[PDB]
Each structure stands twice: as structure tokens, then as C-alpha cells.
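Chains as they are written, first to last, in PDB author numbering: chain z, 6 to 66; chain A, 453 to 603; chain u, 3 to 128; chain e, 24 to 50, 65 to 252; chain L, 42 to 51, 69 to 219, 224 to 305, 314 to 350; chain n, 13 to 135, 144 to 212. Each residue gets a CB set at the ideal place from its N, CA and C atoms; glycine is no exception. Here is the structure we will look at, set down as C-alpha cells.
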Amino acid sequence: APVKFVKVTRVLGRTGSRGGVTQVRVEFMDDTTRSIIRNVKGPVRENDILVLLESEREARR
Amino acid sequence: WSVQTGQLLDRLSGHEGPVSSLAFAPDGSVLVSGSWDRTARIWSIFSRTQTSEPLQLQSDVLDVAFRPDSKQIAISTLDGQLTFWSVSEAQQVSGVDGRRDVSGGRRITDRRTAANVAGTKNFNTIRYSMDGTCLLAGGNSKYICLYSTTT
Amino acid sequence: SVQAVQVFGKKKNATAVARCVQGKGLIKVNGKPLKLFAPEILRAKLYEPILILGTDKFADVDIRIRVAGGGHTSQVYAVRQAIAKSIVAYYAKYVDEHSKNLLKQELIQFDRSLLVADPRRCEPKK
Amino acid sequence: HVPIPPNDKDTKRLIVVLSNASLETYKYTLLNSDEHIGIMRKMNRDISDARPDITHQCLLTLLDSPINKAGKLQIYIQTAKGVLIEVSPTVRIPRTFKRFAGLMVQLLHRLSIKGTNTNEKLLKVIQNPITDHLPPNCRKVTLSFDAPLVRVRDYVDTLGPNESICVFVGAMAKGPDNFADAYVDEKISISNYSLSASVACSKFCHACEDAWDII
Amino acid sequence: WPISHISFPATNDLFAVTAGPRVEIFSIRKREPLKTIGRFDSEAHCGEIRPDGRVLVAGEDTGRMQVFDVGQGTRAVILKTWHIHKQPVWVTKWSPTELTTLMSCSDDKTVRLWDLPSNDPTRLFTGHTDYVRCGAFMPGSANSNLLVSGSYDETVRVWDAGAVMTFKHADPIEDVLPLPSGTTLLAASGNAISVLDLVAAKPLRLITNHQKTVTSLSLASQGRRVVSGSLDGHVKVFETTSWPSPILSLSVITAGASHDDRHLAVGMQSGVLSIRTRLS
Amino acid sequence: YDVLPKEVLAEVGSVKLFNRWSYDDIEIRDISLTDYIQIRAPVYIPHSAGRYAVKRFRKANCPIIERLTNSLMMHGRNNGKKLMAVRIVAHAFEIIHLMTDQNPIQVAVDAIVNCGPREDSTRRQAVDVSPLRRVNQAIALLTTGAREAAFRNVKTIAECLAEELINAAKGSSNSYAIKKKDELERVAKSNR
RNA sequence: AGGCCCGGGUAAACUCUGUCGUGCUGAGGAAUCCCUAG
Numbered sequence: 006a007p008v009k010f011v012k013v014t015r016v017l018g019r020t021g022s023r024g025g026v027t028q029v030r031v032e033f034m035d036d037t038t039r040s041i042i043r044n045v046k047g048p049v050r051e052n053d054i055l056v057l058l059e060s061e062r063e064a065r066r
Numbered sequence: 453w454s455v456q457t458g459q460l461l462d463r464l465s466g467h468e469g470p471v472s473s474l475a476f477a478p479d480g481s482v483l484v485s486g487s488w489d490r491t492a493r494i495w496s497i498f499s500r501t502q503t504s505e506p507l508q509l510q511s512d513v514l515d516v517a518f519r520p521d522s523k524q525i526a527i528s529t530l531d532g533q534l535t536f537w538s539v540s541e542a543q544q545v546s547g548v549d550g551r552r553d554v555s556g557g558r559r560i561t562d563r564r565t566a567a568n569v570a571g572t573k574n575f576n577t578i579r580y581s582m583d584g585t586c587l588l589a590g591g592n593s594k595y596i597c598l599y600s601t602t603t
Numbered sequence: 003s004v005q006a007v008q009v010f011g012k013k014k015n016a017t018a019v020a021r022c023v024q025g026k027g028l029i030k031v032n033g034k035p036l037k038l039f040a041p042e043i044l045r046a047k048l049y050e051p052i053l054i055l056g057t058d059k060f061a062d063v064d065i066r067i068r069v070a071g072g073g074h075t076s077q078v079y080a081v082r083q084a085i086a087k088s089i090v091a092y093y094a095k096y097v098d099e100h101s102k103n104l105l106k107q108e109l110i111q112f113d114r115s116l117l118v119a120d121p122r123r124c125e126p127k128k
Numbered sequence: 024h025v026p027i028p029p030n031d032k033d034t035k036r037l038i039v040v041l042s043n044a045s046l047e048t049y050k065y066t067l068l069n070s071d072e073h074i075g076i077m078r079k080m081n082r083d084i085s086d087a088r089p090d091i092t093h094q095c096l097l098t099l100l101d102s103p104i105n106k107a108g109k110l111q112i113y114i115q116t117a118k119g120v121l122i123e124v125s126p127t128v129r130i131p132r133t134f135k136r137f138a139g140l141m142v143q144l145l146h147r148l149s150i151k152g153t154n155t156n157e158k159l160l161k162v163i164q165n166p167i168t169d170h171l172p173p174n175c176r177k178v179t180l181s182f183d184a185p186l187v188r189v190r191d192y193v194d195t196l197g198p199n200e201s202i203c204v205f206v207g208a209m210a211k212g213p214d215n216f217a218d219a220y221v222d223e224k225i226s227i228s229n230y231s232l233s234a235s236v237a238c239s240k241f242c243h244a245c246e247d248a249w250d251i252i
Numbered sequence: 042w043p044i045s046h047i048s049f050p051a069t070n071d072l073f074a075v076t077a078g079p080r081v082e083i084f085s086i087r088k089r090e091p092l093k094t095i096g097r098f099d100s101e102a103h104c105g106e107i108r109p110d111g112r113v114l115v116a117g118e119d120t121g122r123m124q125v126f127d128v129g130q131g132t133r134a135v136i137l138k139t140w141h142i143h144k145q146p147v148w149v150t151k152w153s154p155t156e157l158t159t160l161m162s163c164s165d166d167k168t169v170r171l172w173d174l175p176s177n178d179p180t181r182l183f184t185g186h187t188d189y190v191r192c193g194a195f196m197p198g199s200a201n202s203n204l205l206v207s208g209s210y211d212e213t214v215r216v217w218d219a224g225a226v227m228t229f230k231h232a233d234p235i236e237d238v239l240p241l242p243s244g245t246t247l248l249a250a251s252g253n254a255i256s257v258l259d260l261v262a263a264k265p266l267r268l269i270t271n272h273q274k275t276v277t278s279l280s281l282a283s284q285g286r287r288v289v290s291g292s293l294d295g296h297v298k299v300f301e302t303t304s305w314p315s316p317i318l319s320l321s322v323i324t325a326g327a328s329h330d331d332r333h334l335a336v337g338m339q340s341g342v343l344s345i346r347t348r349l350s
Numbered sequence: 013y014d015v016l017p018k019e020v021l022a023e024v025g026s027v028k029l030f031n032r033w034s035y036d037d038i039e040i041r042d043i044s045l046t047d048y049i050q051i052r053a054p055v056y057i058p059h060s061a062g063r064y065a066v067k068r069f070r071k072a073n074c075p076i077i078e079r080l081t082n083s084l085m086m087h088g089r090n091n092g093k094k095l096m097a098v099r100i101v102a103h104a105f106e107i108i109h110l111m112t113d114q115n116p117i118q119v120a121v122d123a124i125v126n127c128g129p130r131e132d133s134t135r144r145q146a147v148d149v150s151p152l153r154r155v156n157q158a159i160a161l162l163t164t165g166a167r168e169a170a171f172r173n174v175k176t177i178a179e180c181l182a183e184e185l186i187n188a189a190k191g192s193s194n195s196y197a198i199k200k201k202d203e204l205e206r207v208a209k210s211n212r
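So this is what it looks like as C-alpha cells:
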């Protein structure tokens with residue numbers, strides 16, 4: 006399980022569902038192009054470096 | 453008021469005196485009020501919490517100007533002093549006492565001397581430049597006063 | 003014809019006067035010296051303006067502080083506000099005007115509560 | 024000899040949680070199939086559930102097991118009323134179901150059974166959920182039927198000496214394995230045939246006697 | 042009351075283990091017990107404060123080795139405790155290289171190397187007979203740092219950190239120290255002290271002046287003369303190239327102020343402790 | 013001197029916390045947690061009169077020794093008591109420097125980085149965790165471990181806070197907050 | 001008529017420093033309710 010650092014561009018306003026879970030737009034940090042959207046618990050803003058595990062997650066609510 | 457409706461959206465509280473400089477951020481997330489309650493005020497309207505964040509100042513706020521990137525703001529206050537404030541984490545970063553820099557002295561019907569008139573020793577209006585480096589500052593006086601921000 | 007400056011400091015209810023005159027380095031708080039007031043664990047917060055500004059700025063002045071009201075903590079904040087305003091005010095009126103602005107820059111770059119006390123009102127949320 | 028205190032989260036230990044128990048004091066006595074057969078069978082609701090002779094014999098067999106003689110056991114009871122009960126390794130029990138039944142009635146009444154000699158309590162009704170009372174080095178497992186075959190001695194052989202295990206054993210009425218899915222790390226099966234909670238706990242605890250070397 | 046140890050760092071504290079649970083911390087300025095410290099179970103063995111600040115370690119009777127800080131007042135705050143081996147730990151020593159690196163030589167056949175902030179011994183060493191009492195630390199200016207351990211009725215050893227250059231025995235070993243050169247060593251047994259060239263693992267040359275058994279060995283005033291102390295009731299100083315207390319002695323070691331020696335500390339089995347600021 | 017003791021005049025040069033330990037050479041080991049764990053502005057004792065609840069993300073600008081104090085005034089330390097908490101921070105940092113001979117504030121910052129979890133379980145769904153929540157959950161599990169292991173023993177919250185903060189800096193399998201980080205990440209792995 | 005004299009029944013906190021050392025000398029189930037800066 007290699008660790009992939011990652012950061013944030015957009016905060017996805019009207020989508021985020023089921024409680025305080027913020028869904029967020031994510032631009033990868035080592036290769037600064039590949040951008041997936043991830044599910045984030047807790048307070049998160051733009052320009053905020055997130056640490057994610059295995060990136061084979063394409064799901065939402 | 454709201455332009456795309458036409459009505460009055462709110463009237464907002466908080467000040468103990470006539471608010472004397474208003475400025476939105478060029479981002480447009482923060483309104484800033486500067487009032488004769490010797491205070492300024494961060495008005496965070498647009499989110500779900502129309503919250504305030506006061507800036508206890510020393511004297512009657514004459515002016516408020518934004519850095520063209522919205523991370524820093526300047527207020528003129530009636531001493532004659534300018535001061536510089538972070539906006540995200542609200543905290544004074546710097547300040548000028550410009551009382552001697554602005555004294556355009558001795559109108560007629562002054563039986564007081566030129567350098568003793570309080571009333572030419574304050575900045576009515578301040579702006580930043582488009583880079584965000586120098587300020588214009590000016591009052592009821594003869595000298596326009598061009599400061600900087602970093603030094 | 004002396005070089006005298008009166009200066010106040012505030013917290014919740016603790017108010018402190020400090021008179022700063024042309025002296026030889028002492029700071030005395032209610033008669034006792036400054037390193038003896040305010041039980042041990044907060045004297046660093048007493049000393050904070052001294053070791054920001056440097057003792058070389060203080061080796062020519064005398065600061066006499068009376069403190070009344072409040073609890074221990076509020077008396078500490080009232081003292082340190084009276085220290086900082088005392089030296090900024092003495093350097094305002096007696097030594098040159100540049101050195102005032104430099105001292106205000108050092109104190110404000112540390113914490114503005116050394117100069118302007120911001121008392122808390124309440125928040126009746128909308 | 025001193026058993027496992029609640030201060031100790033270091034000893035590799037077996038927590039046995041008997042989940043979905045039937046401890047409901049009605050009218065004072067418990068709901069058993071001996072005398073309440075007329076009111077359950079009359080009021081047409083799933084007869085099937087007045088359990089507690091199986092958690093009785095699990096309490097007899099597990100509290101008479103040699104894992105209690107090593108003190109490495111810690112047993113909890115989760116009932117239908119949301120009541121979670123901490124049963125001591127050092128508590129003794131009468132061997133009879135009637136005195137156990139009224140003793141559970143007064144356990145639900147005053148929420149604590151004190152020792153007749155010691156100062157400390159013995160049967161302590163405690164908070165939901167179980168994760169406040171489980172060790173951090175935990176193995177939240179569950180005996181099941183849909184799970185593939187897992188040998189016990191090889192499994193706790195693959196558990197390390199810092200790593201305690203919390204098993205979920207079903208003395209329930211009739212139910213699937215979703216009784217514990219908020220707190221399951223793993224579900225295992227030990228035999229192809231149907232096994233009860235008593236022989237399940239006895240084979241598991243004697244197997245971890247074989248794998249923990251309790252002689 | 043017996044007396045088992047006296048040492049000092051490498069500071070106005072001379073620490074004195076008398077064998078009971080009470081162990082006295084000394085001011086070397088005014089010769090007095092600065093703090094009677096020690097809340098040990100039965101028998102506090104050889105303890106020494108570390109050579110930076112004042113953090114004391116000492117081992118107990120059962121095997122519980124305790125390390126605890128001390129300052130200038132009554133501060134016996136137990137920093138941490140140790141209960142790994144259930145047989146009496148005899149000496150614990152610091153390392154003058156690393157501040158958090160300890161040494162326990164027990165009544166076992168094992169000695170072991172410690173680090174403080176963990177709860178596991180960082181290195182373990184076997185090989186002796188039972189009751190291997192004494193041991194010390196080989197300093198290196200540019201070489202590596204080695205370890206010495208002398209036993210009950212067995213040899214005396216040195217190793218890196224497996225490289226055991228064990229020497230020999232002819233008598234029970236109870237007084238060992240290495241020179242500050244880091245190449246020569248003293249292993250002192252009952253009838254006779256033995257000086258040991260450690261360069262090519264060279265054998266002994268053996269010296270006797272004490273008729274009865276030696277107990278403790280201390281290097282002395284200038285860093286040059288070496289005072290040896292017996293169970294006969296007699297000590298004497300030695301040279302570096304050629305080589314009287316009223317009853318029988320145990321742990322008789324000098325005390326130096328900064329580099330100049332200040333007072334000979336004289337421990338004895340009866341209980342008095344002849345400390346002498348006045349010498350010849 | 014104006015009026016200052018020999019310890020303070022002795023260390024008058026830089027900013028030292030508890031007048032012993034400077035900030036000028038301490039380092040984060042997470043670029044995610046770097047902009048929130050505050051070592052930027054210098055502060056002498058954790059007691060300060062800052063309002064870090066006016067609006068969100070101020071407590072990513074207050075210093076983190078004040079955060080360890082503020083978390084150390086919970087129900088196990090009777091919420092009004094501040095100077096008890098900075099005193100326990102004082103004796104705990106002294107016990108770290110005597111057990112460790114390392115900079116105790118680096119022990120605390122690497123402790124916080126090594127303790128805050130990175131994936132959690134939406135109550144099932146498994147989400148990445150915010151870095152502000154990583155700092156918050158880190159500090160909360162540290163002080164919670166300090167109290168829950170210093171509950172009935174003779175060992176004070178000074179000693180036990182120092183042990184959880186040291187073992188937390190090591191990332192060992194002994195520390196309560198490390199064990200809770202591995203349990204939360206273990207649940208997020210098992211669920212996804 | 002009463003009054004006497006003598007007996008019976010400007011803070012808490014906090015700081016700092018020292019003596020003892022968990023020692024019936026144990027903080028409250030399910031539930032439901034409240035609460036966001038002095």
C-alpha cells in the first residue's frame with residue numbers, strides 16, 4: 006500500500022451528501038495532472054494537501 | 453439590497469456609530485465595514501453563517517481599502533494612522549503613523565499654527581495600486597501620500 | 003521639568019497604571035520588583051515585552067506599576083500591556099519618532115494585545 | 024493469582040461476546070420457555086426465543102474452563118434490550134437455572150451484582166457499545182455458517198502475542214449474521230455441520246488452550 | 042549497615075549507595091548528605107547519577123532497576139522502572155558517550171545494554187557464570203566503544219557491539239576499571255590486582271600489596287595515580303608506570327571537584343563513611 | 013538587565029518555550045500536516061489570550077503546545093483549570109528531555125504527525149481524513165491516552181503524557197494513540 | 001416584676017515548597033434531553 010500525496014482544487018458544493026462528509030476535487034501531487042474527486046470527512050478547504058490510500062475508488066453518493 | 457431581485461436583502465447590525473467606509477473584497481466573499489465606533493468589521497455574508505469579526509481600532513475609522521488580492525486590507529483612522537490587516541486570519545500585520553507626513557498647514561481662519569491643526573492630519577481616502585505594492589493616501593490637506601506595503 | 007509618562011493597561015477587570023520616567027532599569031510592580039509579582043508560571047508572559055524589545059531599550063527608564071482588580075491572569079495581561087504601552091509612549095515623547103515606530107512594529111508583529119486591548123462583547127447570532 | 028484487570032490491555036486474551044441474548048424480566066422473573074409457553078404460544082410471536090439455558094451452560098462451561106483458570110477469558114453479554122453485561126472471571130455461579138434466573142433479574146434491577154466477600158463488583162452492567170470495553174489490539178470475529186472453513190489453532194496461531202481476540206458467538210433465537218456488522222472484522226466457520234453456542238465456545242476455548250499452552 | 046557504592050559524574071553531588079533502600083546524595087562542597095533519597099524495595103545496589111545533569115539509576119534487590127531524576131531539592135520522581143530479570147541486579151552504569159544508554163550487570167550470567175525511553179533492552183549478552191557482578195565501559199577517542207564485565211568466580215571480558227576477548231581467572235574478581243587511555247585495564251582479585259595491556263589482547267602482569275581481599279578500585283588525583291582498596295582495612299595509591315581506615319573497607323573511591331581531587335570517600339561495612347578533604 | 017533572572021538573561025537570544033527549548037530547528041514529517049501544525053509564530057508559554065473559535069481554521073493558526081494544553085483541560089482535568097494544564101505540559105516536557113535527550117517539542121510534533129489517522133470509516145463507507153481533523157484527532161487521542169492510562173495509577177499525567185508522547189513519536193505498538201490510528205485505518209481497510 | 005455573670009447543647013480558587021503512599025478510606029444500564037465563545 007504505497008502512500009500517494011494529493012491536493013485540493015474545488016470543494017463540490019451542491020453534491021455532498023450523508024452528513025459532514027465533504028466531497029472534494031483532487032489534483033494529484035507527484036504527477037500534477039491526474040485529478041479524481043474524493044470523499045473527505047472533516048473540515049477541508051481549497052489548497053489543502055490530503056493523504057489518500059489506494060486510488061482505485063470511483064464512487065460517490 | 454439585491455440587484456437581480458430589486459428588494460432589500462438585509463440590514464446588518466454590530467456597529468455603535470455611523471459606518472463610514474464600506475468595501476467588498478475583489479474576491480467577493482467578505483464585506484468590510486469601518487465605523488465611528490472606532491471599529492472595523494469582517495462581514496462574512498455569502499455562506500450559511502452571516503457572521504461578523506470585529507477589528508477593535510484606536511480611533512474613528514475614516515477609510516478602508518482592499519489589496520487587489522483579497523488577503524490584506526488597510527484602514528485609515530482619524531489619528532492620521534494607516535494600518536494593515538490580514539483578512540483570512542484577522543490580525544494586524546503592519547501600520548504607518550502618517551500624522552506628520554500629511555499636514556498641509558494653515559488655512560485662513562486658523563489662529564493656530566500650521567503644524568498644530570488637527571484636521572489636516574488624517575487620510576480621508578486610501579487605495580492600493582494594481583500591483584498591490586504602494587498605497588495612495590490623502591486627506592483634507594495639501595499632500596498626497598504614497599506609501600508601500602512590504603517595507 | 004522631568005521626563006514622565008503615565009500609561010494604562012486593561013483586561014476583564016484588572017486595570018493597571020504604569021508611570022515610566024527617566025531611570026536606571028528597574029521595573030517595580032506594586033512596590034515589589036517585576037520578577038516577583040504574578041505567581042511563577044506566568045512571569046514569562048510578564049517578561050515577553052522585555053525580551054522582545056531587548057533590555058538595552060529599558061536600561062534608561064523606570065516603570066512603576068499599580069495593579070487593581072481582576073484575578074491573577076487578568077492582572078498579568080494588564081501588567082504586560084502597561085509595560086509595552088509605557089515604553090512605546092516614553093519613546094514617543096522623549097526619544098526620536100523612528101524608534102517608536104520600530105517598537106510598535108516589534109510588539110505588533112508579536113501580538114497586538116500588548117498594545118490594544120480588545121474586550122469581548124457577545125454574539126447574538128442571526 | 025490475579026485475573027485480567029480493566030487496566031490491562033497488554034495480555035493476549037480471549038473476549039467471548041454472547042450476542043443477541045434474551046434477558047427480559049417480565050411478570065418478577067425472566068422470560069423462559071418453562072412457564073411462559075402459554076403467553077408466548079397464546080400471543081403468537083416466534084416461540085423460538087426464550088433462550089437463556091444456552092447462555093447459562095455457556096456461562097457454566099466457560100467459567101469452569103481452564104482458560105478461566107489461567108484468567109485469560111473476558112466474557113460479555115449483549116441482550117435485546119440494549120443491555121451489555123460484563124461477566125467476571127472471578128465470579129462464581131450457582132449451578133441451577135432458577136437461582137441464575139432470579140440472579141439475572143436482580144442484575145437487571147440494581148444493574149450490579151456485588152461480591153459477598155470482596156469490595157469489587159462481579160457482574161457489571163456497562164455501556165453500549167462494546168468498542169469502549171474492547172482492547173485496542175483486538176480481533177473482532179464472529180462464528181458463522183456462510184463463511185469458509187477456518188481452523189482455530191491455525192487462526193490464533195496467525196494471531197500475534199500482543200493481539201487479543203474478541204469472538205462473537207450467537208446464542209440468539211433465529212437470525213442471520215447482520216447482528217454485529219457494525220463491529221465485525223472477520224467471520225469464520227469451524228465445521229460444516231450445525232454447531233451450538235456451547236460446543237462452539239468449548240471447541241474454540243479448548244483449541245486456544247492448545248494454541249496458548251495452558252497447562 | 043553495609044556500604045556498597047560511591048560515585049560521581051564526569069557538579070556538587072557525590073552519590074553514596076549504602077546497601078539498604080536509603081541512598082544518600084552528597085554535596086561535595088559541604089560534605090553533607092544533600093538528600094537521603096531512595097524508596098527501594100529491599101537492597102539498593104550500585105547506583106550512579108549520569109554525567110550530564112542529574113538523572114540517577116539504581117537497581118533493587120529483586121531485580122527492579124529504577125531510574126529517576128534528581129535536582130537540587132527533594133525530587134525523587136521515579137522516571138521509569140524495570141522488572142525484566144528476577145535476580146539481583148548488581149551494577150548499573152551510564153555511558154559517557156550517549157546520555158540515554160545504560161548498563162546492567164546482574165546476579166545472572168547475562169549482562170545487558172539499555173536505552174532509556176524504550177521498554178526493551180537494546181542489546182543482550184550471555185556467557186558468564188552466575189553472579190557476574192562488575193562491569194564498565196571502554197571509551198574510544200576514534201575507535202569504537204567496548205564493554206567490560208568481570209564475574210564472581212570466572213573471568214573478565216570485553217566486547218564490541224560477540225567480539226569477546228575474555229582473559230582468565232585465578233581468584234574471585236571484584237574490582238575492575240579501565241584507564242582513560244582506553245587500551246589498558248585493571249582487573250583486581252582477592253590476593254592481587256592485575257594490570258592488563260589490552261592492545262593486542264595481551265596477558266596480565268600481576269601485582270600484590272593487599273594481604274587480604276581487595277574490594278574496590280579507584281583511579282585517583284591527577285588522572286595518573288590509582289588508589290586500591292581492600293577488605294583488610296587498608297588502601298594505598300599506585301603509580302602509572304611502576305605501580314589505614316580503621317576497619318574493613320568496601321567501595322573506597324576518591325572524589326574530584328573539576329579536575330583537582332577534593333576528598334577521598336571511604337566506605338566500610340560497619341556504616342561510617344570516612345570522607346577526607348585533607349590528604350598528603 | 014532591566015529586571016530578569018539569570019535563566020532568562022542566560023537564554024535571552026531567541027524564543028524558547030518554557031525558557032529552555034527554541035523553535036528554530038524543528039521539522040514536520042508530513043507535507044499534508046505542515047501548514048496546520050503551527051511552529052511558525054513563536055510563543056513562550058502555551059497560555060495566551062487568543063480567540064481561536066471566531067470562525068473556522070483559526071485553530072490551524074494557534075500554536076500546538078497551546079492545543080496540547082487546551083486538550084489537556086478536559087473532564088479528566090476539570091475544564092476551568094488552565095495553569096494545571098501548562099504545568100503538566102512543563103513536567104511532561106522535562107520528563108521527555110530526561111528520558112530522551114531529544115528536543116521534546118520535536119517529540120511532540122512527530123508524535124502528532126505519527127498519531128493522526130489518514131483514513132476513517134463513514135458509519144460502510146471509508147473516506148480520507150482532513151488534515152485539520154488529523155491534527156485534532158491526533159491531539160485528542162494523545163491526551164485521552166494520557167488520562168486513560170494515568171487513571172488509577174501512581175503515575176501522574178505528567179509522566180504518562182510524556183510516555184504517550186514519546187512512544188507516539190516513535191510510532192510504537194505501545195502507544196494508545198498509535199493503536200487507535202491503526203484500529204481506525206484497519207476498519208477503513210476492512211470496509212472500503 | 002427585669003437587667004446581669006458563668007457552663008450545656010477583606011473569597012473560594014490558584015502558585016510554590018515539604019510528610020504519607022490506592023489503603024468499602026470506586027462517577028452511576030437502557031434510554032431520552034440539552035448545548036457552538038467569554
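Within the region 151-184 of chain L, the residues whose Cβ lies closer than 9 angstroms to some Cβ of chain n are 156, 157, 158, 174, 175, 176 and 177, listed in chain order. Against chain u, the beta carbon of residue 547 (chain A) has neighbours under 9 angstroms at 103, 106, 107 and 110, listed in chain order. Residue pairing by DSSP puts residue 518 (chain A) in a beta bridge opposite A:525.
Looking from the CA of residue 40 (chain u), the closest CA among u:64, u:108 and u:68 belongs to u:68. In this structure, DSSP gives residue 126 (chain n) a helical state, which the three-state scheme calls helix.
Setting aside the 5 residues that flank it on each side, residue 86 (chain L) is surrounded in the same chain by 49, 69, 70, 71, 72, 325, 327, 332 and 333, each with a C-beta closer than 8 angstroms to its C-beta; the list follows chain order. The Cβ of residue 138 (chain L) sits closer than 8 angstroms to at least one Cβ of chain n.
Its Cα nearest to that of residue 89 (chain e), the residue e:210 stands out among e:210, e:251 and e:252.
Between residue 561 (chain A) and residue 584 (chain A), the beta carbon gap of about 41 angstroms keeps them out of contact (Cβ cut-off 8 angstroms). Contact annotation, residue 483 (chain A) with residue 497 (chain A): C-beta distance approximately 6 angstroms; criterion of less than 8 angstroms satisfied. Excluding sequence positions up to five before and after residue 145 (chain e), its CB lies within less than 6 angstroms of the CB of 48, all in the same chain and listed in chain order. In the assembly as shown, residue 197 (chain e) is an exposed residue. Its beta-carbon has fewer than 16 other beta-carbons within 10 Å.
Chain order gives no chain n residues near residue 7 (chain z), where near means a beta carbon separation below 9 angstroms; the closest approach is about 13 angstroms. For residue 89 (chain n), none of the residues of chain A pass the 7 angstroms Cβ criterion, the least Cβ distance being about 28 angstroms. Annotation: Cβ neighbours of residue 29 (chain u) in chain n (cutoff 8 angstroms, chain order): 14 and 15.
The straight-line gap separating the alpha-carbon atoms of residue 37 (chain u) and residue 131 (chain L) is approximately 22 angstroms. Here residue 31 (chain u) has 39, 67, 69 and 81 as same chain residues with Cβ atoms under 7 angstroms from its own Cβ, once five neighbours each way along the sequence are excluded.
Annotated three-state conformation of residue 99 (chain n) is helix, per DSSP. At least one C-beta of chain n is nearer than 8 angstroms to the C-beta of residue 23 (chain z).
Residue pairing by DSSP places residue 32 (chain z) opposite z:12 and z:40 in a beta bridge.
Residue pairing by DSSP places residue 238 (chain L) opposite L:249 in a beta bridge. Nearest to residue 38 (chain e) by C-alpha distance, out of e:238, e:248, e:192 and e:73, is e:238.
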